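Hydrogens, waters and symmetry mates are skipped; everything else that's a heavy atom, side chains included, is used. Residue numbers begin at 1 in each chain, while the letters A, B, ... track the order of the sequences.
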Amino acid sequence: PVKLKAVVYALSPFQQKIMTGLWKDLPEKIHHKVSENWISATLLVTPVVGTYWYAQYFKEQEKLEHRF
Amino acid sequence: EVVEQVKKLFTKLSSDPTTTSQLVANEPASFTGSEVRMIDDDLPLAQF
């Protein structure tokens, strides 16, 4: 057991609003999600999308070359 | 003897008629479900 020194105040679940917090400070939530994860989203989407488009470009050139 | 002494000595009291019932109705007390936990592992006994 860890020795702990702390004071905790808690409110009853039936004395507070339950769902309205979902759509509170929404602009801040979106800004935090975008600004912290845009590098992570870039590192996942770019290799997948870039490789996919290169394959389609390769297939289109190969298909046209074999035509008469 | 107490009554005669009281009406002679208590003559400077305030005469404001504001009842305590009125004060209670103006600032009512209500119960809120909640809790406060003061965690101190150095105390030998728990008191709640």
Give a yes or no on whether A:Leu64 and A:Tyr57 share a hydrophobic cluster (residues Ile, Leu, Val, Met, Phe, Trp, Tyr; joining criterion: side-chain heavy atoms under 4.5 Å apart).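 A:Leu64 and A:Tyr57: separate clusters.
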
Answer yes if A:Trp23 and A:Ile18 sit in the same cluster of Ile, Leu, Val, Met, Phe, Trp and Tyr residues linked by side chain heavy atoms under 4.5 Å apart, and no otherwise.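 Yes; A:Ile18 is reachable from A:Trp23 via cluster members.
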
Interface residues of residues 33-55 of chain A facing chain B - heavy atom cut-off under 4.5 Å: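 When heavy atoms of chain B are the reference, residues 33-55 of chain A contributes no residue within the under-4.5 Å range.
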
Which residues in residues 8-31 of chain B have a heavy atom less than 4.5 Å from any heavy atom of chain A?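 The stretch does not come within 4.5 Å of chain A.
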
B:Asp40 side chain to A:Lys5 backbone, donor-acceptor under 3.5 Å: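 Side chain of B:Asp40 to backbone of A:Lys5: no pair is present.
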
Return the minimal non-hydrogen interatomic distance between B:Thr32 and A:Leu11, and the atom names on each side.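 Smallest interatomic distance, heavy atoms only, reads CG2-CD1, 3.7 Å.
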
Is there a side-chain contact between B:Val36 and A:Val7 (heavy atoms, below 4.5 Å)?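 Answer yes - side chains close enough.
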
